[PDB]
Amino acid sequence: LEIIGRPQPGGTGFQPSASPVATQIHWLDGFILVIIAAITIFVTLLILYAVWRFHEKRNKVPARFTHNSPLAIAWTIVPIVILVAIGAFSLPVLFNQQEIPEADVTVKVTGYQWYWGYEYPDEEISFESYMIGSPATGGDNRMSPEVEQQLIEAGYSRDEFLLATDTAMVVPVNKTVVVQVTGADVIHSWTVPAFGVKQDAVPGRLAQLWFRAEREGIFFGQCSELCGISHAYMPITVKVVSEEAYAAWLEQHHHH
């Protein structure tokens, strides 16, 4: 499997998209980016021009105007128009994100200190996922020869340390996955940047997210709500595979 959902050295953009929701996030962000970059460039050019054109040694007699209602009204309506344009493209994207469709696959995720528990109710499958290098795997949350060998044995490399887990959440490609997130002790947060999803794992509440992976591969996330000493050491691994390989994974878990 190709490692797709992960940060890259020196990266400055989003992680690669692998869902339609993530694609909507990239486009809405790029749309908002070009206008706020225009606003800041506009503001910066005005300041630098005014300092140059109205410096003391070039304009020795300062003006005294305090009013200019047509300008003052122009720089009030134009931002309102700009913001309404943003909300016009943004609210549909948010409605698409938060409206949970019908599930082809359902996973119930529970956040613990410090690991994730996964449960497939339709399949009666349940397991826990720990960082490779955590105490559960024999380490103490740092790189070591034993940890690197464990990463290689699991199908990763030294570069995936702090992202790779001993077990992965496996889902079929091009299927609607609905994830139910909750916390068991303190608040955690389950996220996969490549999917454009993030939901806090609150004790006593069961929240929902959804994604449809558009290609196979490996996708990483990291707990995104401070939860104690090993907050930085309980990541998320999602493997998107073919419908056949998914069933194969399911059958390997069935008890006869």
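The first residue of the sequence shown is number 1, and the count goes up from there.
Return whichever of 32-40 and 187-195 has the greater mean Cα B factor according to the PDB record.
The recorded data point to 32-40.
I need to verify one thing: averaged over C-alpha atoms only, is the B-factor higher for 161-169 or for 81-89?
The stretch with the larger mean CA B-factor is 81-89.
So among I132, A103, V109, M143, who wins on Cα B-factor in the entry?
Answer for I132, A103, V109, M143: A103, with the highest C-alpha B-factor.
Out of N96, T182, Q113, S126, which residue has the highest Cα temperature factor in the PDB record?
In the PDB entry, the greatest C-alpha B-factor among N96, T182, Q113, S126 is found at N96.
Comparing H231 with the other modelled residues of its chain, is its CA B-factor in the lowest, middle or highest third?
It belongs to the lowest third of the chain when residues are ordered by C-alpha B-factor.
Ranking the modelled residues of this chain by C-alpha B-factor as given in the entry, is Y156 in the lowest, middle or highest third?
Middle third.
Within this chain's modelled residues, let me know which third the CA B factor of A63 belongs to: lowest, middle or highest.
Answer is middle: the recorded C-alpha B-factor places it there.
Can you tell me which third, lowest, middle or highest, the CA B-factor of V147 falls into for its chain?
Tercile = middle for this residue's CA B-factor.
If you rank every modelled residue in this chain by C-alpha B factor, which third holds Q15: lowest, middle or highest?
It falls in the middle third of the chain.
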